[PDB]
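Reading through the structure tokens given below for one structure.
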Number of protein chains: 2
Amino acid sequence: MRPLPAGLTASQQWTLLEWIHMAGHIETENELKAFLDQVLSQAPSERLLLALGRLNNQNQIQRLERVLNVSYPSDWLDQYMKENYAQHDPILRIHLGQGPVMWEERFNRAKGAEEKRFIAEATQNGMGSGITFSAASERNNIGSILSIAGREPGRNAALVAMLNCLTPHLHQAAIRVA
Amino acid sequence: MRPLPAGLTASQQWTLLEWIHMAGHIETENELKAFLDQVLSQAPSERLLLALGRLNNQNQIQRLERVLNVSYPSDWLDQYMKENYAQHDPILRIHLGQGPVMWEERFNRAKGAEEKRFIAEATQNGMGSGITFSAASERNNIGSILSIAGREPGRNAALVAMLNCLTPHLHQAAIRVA
Ligand SMILES: CCCCCCCC(=O)N[C@H]1CCOC1=O
Ligand SMILES: CCCCCCCC(=O)N[C@H]1CCOC1=O
């Protein structure tokens, strides 16, 4: 269990309390979508996506089970699927539950030609910067990623900590919904 | 979704935040038991029990699926089962998810001879006063009750509100564990 954040204002603590309280009541994809819209309206980004996947023995996604696009541009998602970017996207190689991953840091490390190509294309599409939070369950070999695109989220330490703490509850909700 | 309490101190808000955060990480009966011990240590009672049941069309328990005794006296539980009190205990007739139920208020209304007998015996066993919180899921026709025996819990408005808000998350955890 990841520890709750220190240093939140009373308003931020209350927001996080409401978020986790609400998350625990989510039963349907309708509700899950509506909740993520609510969370979205609180972050310095307009681009959010949640995905559920089956994991390998190193807690990496080996099969995407469910993708809930909240506000990624549909044309980017179409391209991602059409050009099979799942195979080259460094973000899909994260070891889930190992902490928040800043995209720029991860992208700057990419070695392969195909990965560099993807990064170039993501960058052109406004997806060059962002953060991915994650949670994983041993119970059933399943994990979730919550991705938010943009530079500003990562620069708000409080928001990062809040979203990170919310992520395992979004994971439980996503399992219920699936 | 039941609303979060108003009027909690910052310490109480933090306790509730920790409780719901922890509850969302519970996967095993071991963990569920340990968590309830933790919650117990914060309330003016020493007697707590959680139960999961299948519900009728009025959200009442029709079949007990799982009983997690945290600190009810084992001799009382033995008697309850041996004398088939489940059939006469006014608390098992609550409409789950309809708000916290104070036992003394409910007991004072009992009409039947068998119910009065039960109440008399419960009272002799230190179980005459208490509160039961509840949650119900339409998804799978299942509900949970969280019972705490004693007079003092009910007299702490903050604790009541906190435990009430925790209850739906304990319900989700209990379903996962079952
Ligand atoms: C169709 C499923 C797409 C899932 C993408 C999940 C990981 C992620 O958010 N990748 C970022 C990394 C840069 O561009 C992206 O789309
Ligand atoms: C063996 C299962 C017993 C479940 C009892 C759940 C309801 C409850 O807490 N009843 C209180 C009411 C007074 O005495 C009791 O035991």
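Residue numbering restarts at 1 for every chain of the structure tokens, chains are lettered A, B, ... in their displayed order, and ligands are numbered from 1 as they appear.
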Near chain B, which residues of chain A fall within 12 Å when you count only C-alpha atoms, and what do they look like as a PDB file with N, CA, C and O atoms, in the first residue's frame?
ATOM      1  N   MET A   1       0.826  -1.205   0.000  1.00  0.00           N
ATOM      2  CA  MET A   1       0.000   0.000   0.000  1.00  0.00           C
ATOM      3  C   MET A   1       0.856   1.249   0.000  1.00  0.00           C
ATOM      4  O   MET A   1       1.639   1.475   0.931  1.00  0.00           O
ATOM      5  N   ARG A   2       0.714   2.064  -1.040  1.00  0.00           N
ATOM      6  CA  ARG A   2       1.464   3.308  -1.140  1.00  0.00           C
ATOM      7  C   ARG A   2       0.986   4.310  -0.076  1.00  0.00           C
ATOM      8  O   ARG A   2      -0.205   4.461   0.167  1.00  0.00           O
ATOM      9  N   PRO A   3       1.927   4.986   0.588  1.00  0.00           N
ATOM     10  CA  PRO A   3       1.546   5.904   1.669  1.00  0.00           C
ATOM     11  C   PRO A   3       0.814   7.135   1.142  1.00  0.00           C
ATOM     12  O   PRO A   3       1.067   7.577   0.015  1.00  0.00           O
ATOM     13  N   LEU A   4      -0.100   7.663   1.946  1.00  0.00           N
ATOM     14  CA  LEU A   4      -0.772   8.914   1.620  1.00  0.00           C
ATOM     15  C   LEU A   4       0.251  10.044   1.603  1.00  0.00           C
ATOM     16  O   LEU A   4       1.266   9.979   2.295  1.00  0.00           O
ATOM     17  N   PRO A   5      -0.019  11.086   0.811  1.00  0.00           N
ATOM     18  CA  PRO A   5       0.882  12.229   0.647  1.00  0.00           C
ATOM     19  C   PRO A   5       0.989  13.052   1.920  1.00  0.00           C
ATOM     20  O   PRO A   5       0.029  13.163   2.677  1.00  0.00           O
ATOM     21  N   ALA A   6       2.158  13.636   2.146  1.00  0.00           N
ATOM     22  CA  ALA A   6       2.293  14.640   3.187  1.00  0.00           C
ATOM     23  C   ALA A   6       2.206  16.010   2.527  1.00  0.00           C
ATOM     24  O   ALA A   6       2.487  16.151   1.338  1.00  0.00           O
ATOM     25  N   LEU A   8      -0.389  18.079   1.935  1.00  0.00           N
ATOM     26  CA  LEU A   8      -1.599  18.541   1.267  1.00  0.00           C
ATOM     27  C   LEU A   8      -2.316  19.593   2.113  1.00  0.00           C
ATOM     28  O   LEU A   8      -2.364  19.481   3.340  1.00  0.00           O
ATOM     29  N   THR A   9      -2.876  20.609   1.463  1.00  0.00           N
ATOM     30  CA  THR A   9      -3.756  21.550   2.155  1.00  0.00           C
ATOM     31  C   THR A   9      -5.030  20.819   2.549  1.00  0.00           C
ATOM     32  O   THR A   9      -5.287  19.714   2.068  1.00  0.00           O
ATOM     33  N   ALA A  10      -5.829  21.420   3.420  1.00  0.00           N
ATOM     34  CA  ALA A  10      -7.082  20.802   3.844  1.00  0.00           C
ATOM     35  C   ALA A  10      -8.015  20.602   2.656  1.00  0.00           C
ATOM     36  O   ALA A  10      -8.783  19.653   2.613  1.00  0.00           O
ATOM     37  N   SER A  11      -7.956  21.513   1.692  1.00  0.00           N
ATOM     38  CA  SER A  11      -8.792  21.402   0.502  1.00  0.00           C
ATOM     39  C   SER A  11      -8.346  20.234  -0.371  1.00  0.00           C
ATOM     40  O   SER A  11      -9.173  19.512  -0.932  1.00  0.00           O
ATOM     41  N   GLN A  12      -7.035  20.053  -0.490  1.00  0.00           N
ATOM     42  CA  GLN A  12      -6.493  18.953  -1.280  1.00  0.00           C
ATOM     43  C   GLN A  12      -6.739  17.618  -0.599  1.00  0.00           C
ATOM     44  O   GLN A  12      -6.985  16.611  -1.266  1.00  0.00           O
ATOM     45  N   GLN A  13      -6.651  17.604   0.725  1.00  0.00           N
ATOM     46  CA  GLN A  13      -6.940  16.372   1.460  1.00  0.00           C
ATOM     47  C   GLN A  13      -8.394  15.996   1.237  1.00  0.00           C
ATOM     48  O   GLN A  13      -8.730  14.831   1.046  1.00  0.00           O
ATOM     49  N   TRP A  14      -9.270  16.992   1.255  1.00  0.00           N
ATOM     50  CA  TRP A  14     -10.686  16.729   1.063  1.00  0.00           C
ATOM     51  C   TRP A  14     -10.974  16.257  -0.357  1.00  0.00           C
ATOM     52  O   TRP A  14     -11.776  15.355  -0.567  1.00  0.00           O
ATOM     53  N   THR A  15     -10.336  16.873  -1.345  1.00  0.00           N
ATOM     54  CA  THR A  15     -10.482  16.397  -2.710  1.00  0.00           C
ATOM     55  C   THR A  15     -10.087  14.921  -2.838  1.00  0.00           C
ATOM     56  O   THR A  15     -10.804  14.132  -3.449  1.00  0.00           O
ATOM     57  N   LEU A  16      -8.957  14.554  -2.244  1.00  0.00           N
ATOM     58  CA  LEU A  16      -8.467  13.177  -2.344  1.00  0.00           C
ATOM     59  C   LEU A  16      -9.414  12.212  -1.627  1.00  0.00           C
ATOM     60  O   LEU A  16      -9.707  11.124  -2.133  1.00  0.00           O
ATOM     61  N   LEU A  17      -9.905  12.627  -0.467  1.00  0.00           N
ATOM     62  CA  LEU A  17     -10.897  11.859   0.273  1.00  0.00           C
ATOM     63  C   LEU A  17     -12.156  11.639  -0.570  1.00  0.00           C
ATOM     64  O   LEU A  17     -12.636  10.519  -0.689  1.00  0.00           O
ATOM     65  N   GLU A  18     -12.676  12.697  -1.189  1.00  0.00           N
ATOM     66  CA  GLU A  18     -13.825  12.554  -2.079  1.00  0.00           C
ATOM     67  C   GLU A  18     -13.536  11.627  -3.250  1.00  0.00           C
ATOM     68  O   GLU A  18     -14.388  10.834  -3.637  1.00  0.00           O
ATOM     69  N   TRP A  19     -12.344  11.743  -3.831  1.00  0.00           N
ATOM     70  CA  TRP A  19     -11.975  10.915  -4.975  1.00  0.00           C
ATOM     71  C   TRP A  19     -11.970   9.435  -4.606  1.00  0.00           C
ATOM     72  O   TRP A  19     -12.549   8.611  -5.305  1.00  0.00           O
ATOM     73  N   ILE A  20     -11.313   9.091  -3.505  1.00  0.00           N
ATOM     74  CA  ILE A  20     -11.236   7.670  -3.146  1.00  0.00           C
ATOM     75  C   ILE A  20     -12.594   7.148  -2.682  1.00  0.00           C
ATOM     76  O   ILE A  20     -12.953   5.993  -2.940  1.00  0.00           O
ATOM     77  N   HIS A  21     -13.361   8.004  -2.007  1.00  0.00           N
ATOM     78  CA  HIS A  21     -14.713   7.643  -1.591  1.00  0.00           C
ATOM     79  C   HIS A  21     -15.585   7.351  -2.806  1.00  0.00           C
ATOM     80  O   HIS A  21     -16.251   6.325  -2.867  1.00  0.00           O
ATOM     81  N   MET A  22     -15.545   8.245  -3.794  1.00  0.00           N
ATOM     82  CA  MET A  22     -16.307   8.067  -5.016  1.00  0.00           C
ATOM     83  C   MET A  22     -15.843   6.834  -5.770  1.00  0.00           C
ATOM     84  O   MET A  22     -16.665   6.073  -6.290  1.00  0.00           O
ATOM     85  N   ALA A  23     -14.534   6.648  -5.842  1.00  0.00           N
ATOM     86  CA  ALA A  23     -13.989   5.530  -6.623  1.00  0.00           C
ATOM     87  C   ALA A  23     -14.526   4.213  -6.090  1.00  0.00           C
ATOM     88  O   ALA A  23     -14.858   3.311  -6.854  1.00  0.00           O
ATOM     89  N   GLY A  24     -14.621   4.098  -4.770  1.00  0.00           N
ATOM     90  CA  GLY A  24     -15.109   2.876  -4.161  1.00  0.00           C
ATOM     91  C   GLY A  24     -16.571   2.572  -4.408  1.00  0.00           C
ATOM     92  O   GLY A  24     -17.036   1.496  -4.034  1.00  0.00           O
ATOM     93  N   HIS A  25     -17.300   3.516  -5.020  1.00  0.00           N
ATOM     94  CA  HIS A  25     -18.719   3.329  -5.327  1.00  0.00           C
ATOM     95  C   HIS A  25     -18.953   3.053  -6.812  1.00  0.00           C
ATOM     96  O   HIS A  25     -20.089   2.822  -7.243  1.00  0.00           O
ATOM     97  N   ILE A  26     -17.884   3.083  -7.593  1.00  0.00           N
ATOM     98  CA  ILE A  26     -18.006   2.896  -9.038  1.00  0.00           C
ATOM     99  C   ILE A  26     -18.273   1.441  -9.381  1.00  0.00           C
ATOM    100  O   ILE A  26     -17.535   0.547  -8.963  1.00  0.00           O
ATOM    101  N   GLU A  27     -19.338   1.214 -10.148  1.00  0.00           N
ATOM    102  CA  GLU A  27     -19.770  -0.132 -10.498  1.00  0.00           C
ATOM    103  C   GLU A  27     -19.886  -0.325 -12.007  1.00  0.00           C
ATOM    104  O   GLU A  27     -19.709  -1.434 -12.508  1.00  0.00           O
ATOM    105  N   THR A  28     -20.180   0.755 -12.724  1.00  0.00           N
ATOM    106  CA  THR A  28     -20.403   0.675 -14.167  1.00  0.00           C
ATOM    107  C   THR A  28     -19.426   1.525 -14.967  1.00  0.00           C
ATOM    108  O   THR A  28     -18.819   2.450 -14.444  1.00  0.00           O
ATOM    109  N   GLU A  31     -20.310   5.152 -14.860  1.00  0.00           N
ATOM    110  CA  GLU A  31     -19.864   5.792 -13.628  1.00  0.00           C
ATOM    111  C   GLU A  31     -18.361   6.037 -13.651  1.00  0.00           C
ATOM    112  O   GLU A  31     -17.889   7.092 -13.227  1.00  0.00           O
ATOM    113  N   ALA A 135      -1.012   0.506 -10.917  1.00  0.00           N
ATOM    114  CA  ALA A 135      -1.225  -0.418  -9.803  1.00  0.00           C
ATOM    115  C   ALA A 135      -1.297  -1.834 -10.347  1.00  0.00           C
ATOM    116  O   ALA A 135      -1.705  -2.044 -11.489  1.00  0.00           O
ATOM    117  N   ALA A 136      -0.904  -2.815  -9.540  1.00  0.00           N
ATOM    118  CA  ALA A 136      -0.949  -4.201  -9.990  1.00  0.00           C
ATOM    119  C   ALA A 136      -1.496  -5.096  -8.881  1.00  0.00           C
ATOM    120  O   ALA A 136      -1.239  -4.849  -7.703  1.00  0.00           O
ATOM    121  N   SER A 137      -2.259  -6.112  -9.276  1.00  0.00           N
ATOM    122  CA  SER A 137      -2.816  -7.103  -8.350  1.00  0.00           C
ATOM    123  C   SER A 137      -2.210  -8.476  -8.616  1.00  0.00           C
ATOM    124  O   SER A 137      -2.268  -8.976  -9.740  1.00  0.00           O
ATOM    125  N   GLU A 138      -1.641  -9.094  -7.584  1.00  0.00           N
ATOM    126  CA  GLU A 138      -1.182 -10.477  -7.702  1.00  0.00           C
ATOM    127  C   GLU A 138      -2.363 -11.438  -7.724  1.00  0.00           C
ATOM    128  O   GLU A 138      -2.339 -12.451  -8.424  1.00  0.00           O
ATOM    129  N   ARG A 139      -3.388 -11.106  -6.947  1.00  0.00           N
ATOM    130  CA  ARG A 139      -4.612 -11.896  -6.878  1.00  0.00           C
ATOM    131  C   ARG A 139      -4.968 -12.497  -8.232  1.00  0.00           C
ATOM    132  O   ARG A 139      -5.127 -13.712  -8.363  1.00  0.00           O
ATOM    133  N   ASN A 140      -5.084 -11.645  -9.245  1.00  0.00           N
ATOM    134  CA  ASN A 140      -5.483 -12.117 -10.562  1.00  0.00           C
ATOM    135  C   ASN A 140      -4.605 -11.647 -11.711  1.00  0.00           C
ATOM    136  O   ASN A 140      -5.054 -11.597 -12.849  1.00  0.00           O
ATOM    137  N   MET A 162      -1.560  13.012  -5.217  1.00  0.00           N
ATOM    138  CA  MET A 162      -2.993  12.724  -5.094  1.00  0.00           C
ATOM    139  C   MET A 162      -3.439  11.690  -6.125  1.00  0.00           C
ATOM    140  O   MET A 162      -4.070  10.684  -5.769  1.00  0.00           O
ATOM    141  N   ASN A 164      -1.538   9.617  -7.759  1.00  0.00           N
ATOM    142  CA  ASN A 164      -0.863   8.362  -7.472  1.00  0.00           C
ATOM    143  C   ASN A 164      -1.621   7.551  -6.419  1.00  0.00           C
ATOM    144  O   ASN A 164      -1.793   6.338  -6.549  1.00  0.00           O
ATOM    145  N   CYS A 165      -2.058   8.220  -5.358  1.00  0.00           N
ATOM    146  CA  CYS A 165      -2.805   7.543  -4.311  1.00  0.00           C
ATOM    147  C   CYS A 165      -4.185   7.095  -4.771  1.00  0.00           C
ATOM    148  O   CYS A 165      -4.705   6.077  -4.308  1.00  0.00           O
ATOM    149  N   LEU A 166      -4.756   7.821  -5.719  1.00  0.00           N
ATOM    150  CA  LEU A 166      -6.064   7.450  -6.268  1.00  0.00           C
ATOM    151  C   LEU A 166      -5.981   6.209  -7.136  1.00  0.00           C
ATOM    152  O   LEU A 166      -6.924   5.430  -7.226  1.00  0.00           O
ATOM    153  N   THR A 167      -4.836   6.021  -7.772  1.00  0.00           N
ATOM    154  CA  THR A 167      -4.684   4.974  -8.781  1.00  0.00           C
ATOM    155  C   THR A 167      -5.072   3.535  -8.356  1.00  0.00           C
ATOM    156  O   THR A 167      -5.791   2.849  -9.092  1.00  0.00           O
ATOM    157  N   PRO A 168      -4.637   3.074  -7.171  1.00  0.00           N
ATOM    158  CA  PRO A 168      -5.065   1.722  -6.780  1.00  0.00           C
ATOM    159  C   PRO A 168      -6.577   1.576  -6.612  1.00  0.00           C
ATOM    160  O   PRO A 168      -7.102   0.485  -6.803  1.00  0.00           O
ATOM    161  N   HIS A 169      -7.269   2.658  -6.257  1.00  0.00           N
ATOM    162  CA  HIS A 169      -8.724   2.613  -6.138  1.00  0.00           C
ATOM    163  C   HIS A 169      -9.399   2.643  -7.490  1.00  0.00           C
ATOM    164  O   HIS A 169     -10.436   2.013  -7.653  1.00  0.00           O
ATOM    165  N   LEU A 170      -8.814   3.386  -8.440  1.00  0.00           N
ATOM    166  CA  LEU A 170      -9.274   3.321  -9.831  1.00  0.00           C
ATOM    167  C   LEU A 170      -9.086   1.905 -10.395  1.00  0.00           C
ATOM    168  O   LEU A 170      -9.927   1.411 -11.143  1.00  0.00           O
ATOM    169  N   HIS A 171      -7.985   1.256 -10.019  1.00  0.00           N
ATOM    170  CA  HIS A 171      -7.695  -0.123 -10.425  1.00  0.00           C
ATOM    171  C   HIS A 171      -8.793  -1.054  -9.930  1.00  0.00           C
ATOM    172  O   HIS A 171      -9.349  -1.828 -10.708  1.00  0.00           O
ATOM    173  N   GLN A 172      -9.138  -0.962  -8.644  1.00  0.00           N
ATOM    174  CA  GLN A 172     -10.213  -1.817  -8.106  1.00  0.00           C
ATOM    175  C   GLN A 172     -11.528  -1.550  -8.825  1.00  0.00           C
ATOM    176  O   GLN A 172     -12.278  -2.484  -9.132  1.00  0.00           O
ATOM    177  N   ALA A 173     -11.815  -0.278  -9.097  1.00  0.00           N
ATOM    178  CA  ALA A 173     -13.044   0.080  -9.803  1.00  0.00           C
ATOM    179  C   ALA A 173     -13.041  -0.504 -11.217  1.00  0.00           C
ATOM    180  O   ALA A 173     -14.051  -1.064 -11.665  1.00  0.00           O
ATOM    181  N   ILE A 175     -11.516  -3.105 -12.330  1.00  0.00           N
ATOM    182  CA  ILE A 175     -11.737  -4.546 -12.268  1.00  0.00           C
ATOM    183  C   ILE A 175     -13.225  -4.833 -12.080  1.00  0.00           C
ATOM    184  O   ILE A 175     -13.802  -5.673 -12.786  1.00  0.00           O
ATOM    185  N   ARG A 176     -13.864  -4.135 -11.143  1.00  0.00           N
ATOM    186  CA  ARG A 176     -15.302  -4.304 -10.972  1.00  0.00           C
ATOM    187  C   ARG A 176     -16.075  -4.056 -12.267  1.00  0.00           C
ATOM    188  O   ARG A 176     -16.995  -4.807 -12.600  1.00  0.00           O
ATOM    189  N   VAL A 177     -15.714  -3.002 -12.989  1.00  0.00           N
ATOM    190  CA  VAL A 177     -16.422  -2.623 -14.212  1.00  0.00           C
ATOM    191  C   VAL A 177     -16.203  -3.635 -15.337  1.00  0.00           C
ATOM    192  O   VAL A 177     -17.133  -3.970 -16.082  1.00  0.00           O
TER     193      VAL A 177
END
Please check which protein, DNA or RNA residues sit within 6 Å of ligand 1, counting only C-alpha atoms and all ligand atoms, and write them as an MDAnalysis selection string. chainID A and resid 77 81 91:92 122 127:128 147
Please identify all protein, DNA and RNA residues within 9 Å of ligand 2, counting only C-alpha atoms and all ligand atoms, and report them as a ChimeraX atom specification. /B:48-51,64,66-69,72,76-81,84-86,89-93,103,107,118-119,121-123,125-132,145-149
Store the residues picked out above, limited to N, CA and C atoms, as a tab-separated table (two decimals), in the first residue's frame.
chain	number	residue	atom	x	y	z
B	48	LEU	N	-16.86	-6.00	17.89
B	48	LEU	CA	-17.15	-5.69	16.49
B	48	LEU	C	-17.31	-6.96	15.67
B	49	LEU	N	-18.20	-6.93	14.69
B	49	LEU	CA	-18.44	-8.07	13.81
B	49	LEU	C	-18.83	-7.56	12.43
B	50	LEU	N	-18.33	-8.22	11.39
B	50	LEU	CA	-18.72	-7.89	10.02
B	50	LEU	C	-19.36	-9.12	9.39
B	51	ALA	N	-20.47	-8.93	8.67
B	51	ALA	CA	-21.07	-10.07	7.99
B	51	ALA	C	-21.50	-9.71	6.57
B	64	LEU	N	-26.87	-15.65	5.25
B	64	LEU	CA	-25.55	-15.17	5.65
B	64	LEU	C	-24.47	-15.95	4.91
B	66	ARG	N	-20.91	-14.99	4.91
B	66	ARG	CA	-19.62	-14.96	5.60
B	66	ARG	C	-19.81	-14.14	6.86
B	67	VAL	N	-19.30	-14.65	7.97
B	67	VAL	CA	-19.30	-13.88	9.20
B	67	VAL	C	-17.85	-13.72	9.61
B	68	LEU	N	-17.41	-12.48	9.77
B	68	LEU	CA	-16.08	-12.24	10.29
B	68	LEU	C	-16.20	-11.65	11.69
B	69	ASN	N	-16.05	-12.51	12.69
B	69	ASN	CA	-16.08	-12.04	14.06
B	69	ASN	C	-14.75	-11.44	14.44
B	72	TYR	N	-16.71	-9.99	19.02
B	72	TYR	CA	-17.86	-10.51	19.76
B	72	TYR	C	-17.36	-11.68	20.61
B	76	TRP	N	-21.15	-15.90	23.12
B	76	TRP	CA	-22.37	-15.29	22.59
B	76	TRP	C	-22.66	-15.79	21.17
B	77	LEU	N	-21.62	-15.87	20.34
B	77	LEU	CA	-21.78	-16.34	18.97
B	77	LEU	C	-22.22	-17.80	18.93
B	78	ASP	N	-21.61	-18.61	19.78
B	78	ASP	CA	-22.02	-20.00	19.93
B	78	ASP	C	-23.49	-20.12	20.31
B	79	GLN	N	-23.94	-19.28	21.25
B	79	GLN	CA	-25.34	-19.30	21.68
B	79	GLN	C	-26.28	-18.84	20.57
B	80	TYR	N	-25.88	-17.78	19.89
B	80	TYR	CA	-26.63	-17.21	18.78
B	80	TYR	C	-26.90	-18.27	17.70
B	81	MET	N	-25.86	-19.02	17.36
B	81	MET	CA	-25.99	-20.08	16.36
B	81	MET	C	-26.77	-21.26	16.90
B	84	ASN	N	-30.48	-20.44	17.29
B	84	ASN	CA	-31.06	-19.90	16.06
B	84	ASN	C	-31.62	-18.48	16.21
B	85	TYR	N	-30.84	-17.62	16.84
B	85	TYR	CA	-31.24	-16.23	17.05
B	85	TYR	C	-31.34	-15.43	15.74
B	86	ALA	N	-30.69	-15.91	14.69
B	86	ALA	CA	-30.74	-15.20	13.42
B	86	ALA	C	-32.20	-14.97	13.01
B	89	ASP	N	-33.50	-11.97	15.70
B	89	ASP	CA	-32.69	-10.78	15.95
B	89	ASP	C	-33.17	-9.65	15.05
B	90	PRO	N	-33.77	-8.60	15.64
B	90	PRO	CA	-34.27	-7.47	14.85
B	90	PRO	C	-33.19	-6.85	13.96
B	91	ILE	N	-31.93	-6.96	14.36
B	91	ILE	CA	-30.83	-6.39	13.57
B	91	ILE	C	-30.68	-7.09	12.20
B	92	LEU	N	-30.98	-8.39	12.13
B	92	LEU	CA	-30.89	-9.08	10.84
B	92	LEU	C	-32.08	-8.78	9.92
B	93	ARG	N	-33.03	-7.99	10.40
B	93	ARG	CA	-34.15	-7.57	9.57
B	93	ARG	C	-34.01	-6.15	9.02
B	103	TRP	N	-29.38	0.13	18.11
B	103	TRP	CA	-30.05	-1.08	18.58
B	103	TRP	C	-31.14	-0.78	19.61
B	107	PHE	N	-34.75	-2.14	19.34
B	107	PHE	CA	-35.22	-3.12	20.32
B	107	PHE	C	-36.48	-2.66	21.04
B	118	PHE	N	-35.16	-12.80	22.74
B	118	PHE	CA	-33.81	-12.56	22.21
B	118	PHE	C	-33.21	-11.29	22.81
B	119	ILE	N	-33.99	-10.22	22.81
B	119	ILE	CA	-33.51	-8.94	23.31
B	119	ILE	C	-33.10	-9.07	24.77
B	121	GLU	N	-32.04	-11.75	26.28
B	121	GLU	CA	-30.82	-12.54	26.36
B	121	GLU	C	-29.62	-11.74	25.86
B	122	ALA	N	-29.81	-11.00	24.77
B	122	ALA	CA	-28.74	-10.13	24.28
B	122	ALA	C	-28.32	-9.12	25.34
B	123	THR	N	-29.31	-8.53	26.01
B	123	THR	CA	-29.06	-7.55	27.06
B	123	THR	C	-28.24	-8.15	28.20
B	125	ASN	N	-26.15	-10.45	27.98
B	125	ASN	CA	-24.82	-10.72	27.44
B	125	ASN	C	-24.02	-9.49	27.02
B	126	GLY	N	-24.46	-8.32	27.45
B	126	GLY	CA	-23.75	-7.09	27.13
B	126	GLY	C	-23.98	-6.61	25.71
B	127	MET	N	-25.02	-7.13	25.06
B	127	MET	CA	-25.31	-6.82	23.67
B	127	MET	C	-26.62	-6.04	23.50
B	128	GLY	N	-27.03	-5.32	24.54
B	128	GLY	CA	-28.31	-4.64	24.53
B	128	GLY	C	-28.26	-3.30	23.81
B	129	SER	N	-27.05	-2.77	23.65
B	129	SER	CA	-26.85	-1.46	23.03
B	129	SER	C	-25.79	-1.58	21.96
B	130	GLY	N	-25.95	-0.83	20.88
B	130	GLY	CA	-24.97	-0.85	19.81
B	130	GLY	C	-25.47	-0.16	18.56
B	131	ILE	N	-24.71	-0.31	17.48
B	131	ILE	CA	-25.07	0.28	16.20
B	131	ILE	C	-24.69	-0.68	15.08
B	132	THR	N	-25.51	-0.72	14.04
B	132	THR	CA	-25.18	-1.49	12.85
B	132	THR	C	-25.19	-0.61	11.61
B	145	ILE	N	-23.11	-5.95	6.73
B	145	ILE	CA	-23.40	-5.22	7.95
B	145	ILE	C	-22.13	-5.14	8.79
B	146	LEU	N	-21.91	-3.98	9.40
B	146	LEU	CA	-20.83	-3.82	10.36
B	146	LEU	C	-21.48	-3.46	11.69
B	147	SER	N	-21.31	-4.32	12.69
B	147	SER	CA	-21.96	-4.14	13.98
B	147	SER	C	-20.93	-3.83	15.03
B	148	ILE	N	-21.24	-2.85	15.87
B	148	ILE	CA	-20.39	-2.51	17.00
B	148	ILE	C	-21.26	-2.42	18.23
B	149	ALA	N	-20.92	-3.18	19.26
B	149	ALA	CA	-21.72	-3.24	20.48
B	149	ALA	C	-21.21	-2.26	21.53
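Proximity to residue 144 (chain B) was assessed for B:82, B:117, B:63, B:109 counting only C-alpha atoms; the smallest distance is recorded for B:63.
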Best match for closeness to residue 7 (chain B) among B:110, B:158, B:94, B:36, counting only C-alpha atoms: B:158
For the structure I just gave you, how does DSSP split region 110-167 of chain A - specifically, which residues are strand (DSSP E)? Reply as JSON, numbers by chain. {"A": [130, 131, 132, 133, 134, 135, 136, 137, 142, 143, 144, 145, 146, 147, 148, 149]}
Take the selection from the previous step and output its residues with C-alpha atoms, as a PDB file, in the first residue's frame.
ATOM      1  CA  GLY A 130       3.146  13.321 -19.439  1.00  0.00           C
ATOM      2  CA  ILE A 131       2.926  10.935 -16.516  1.00  0.00           C
ATOM      3  CA  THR A 132       1.688   7.382 -16.051  1.00  0.00           C
ATOM      4  CA  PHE A 133       0.522   6.038 -12.679  1.00  0.00           C
ATOM      5  CA  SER A 134      -0.014   2.339 -12.111  1.00  0.00           C
ATOM      6  CA  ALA A 135      -1.225  -0.418  -9.803  1.00  0.00           C
ATOM      7  CA  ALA A 136      -0.949  -4.201  -9.990  1.00  0.00           C
ATOM      8  CA  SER A 137      -2.816  -7.103  -8.350  1.00  0.00           C
ATOM      9  CA  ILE A 142      -3.936  -7.776 -13.587  1.00  0.00           C
ATOM     10  CA  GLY A 143      -2.818  -4.161 -13.568  1.00  0.00           C
ATOM     11  CA  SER A 144      -3.991  -0.683 -14.480  1.00  0.00           C
ATOM     12  CA  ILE A 145      -2.297   2.364 -15.881  1.00  0.00           C
ATOM     13  CA  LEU A 146      -3.620   5.916 -15.615  1.00  0.00           C
ATOM     14  CA  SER A 147      -1.988   8.232 -18.152  1.00  0.00           C
ATOM     15  CA  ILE A 148      -2.195  12.000 -18.242  1.00  0.00           C
ATOM     16  CA  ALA A 149      -0.561  13.933 -21.074  1.00  0.00           C
TER      17      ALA A 149
END
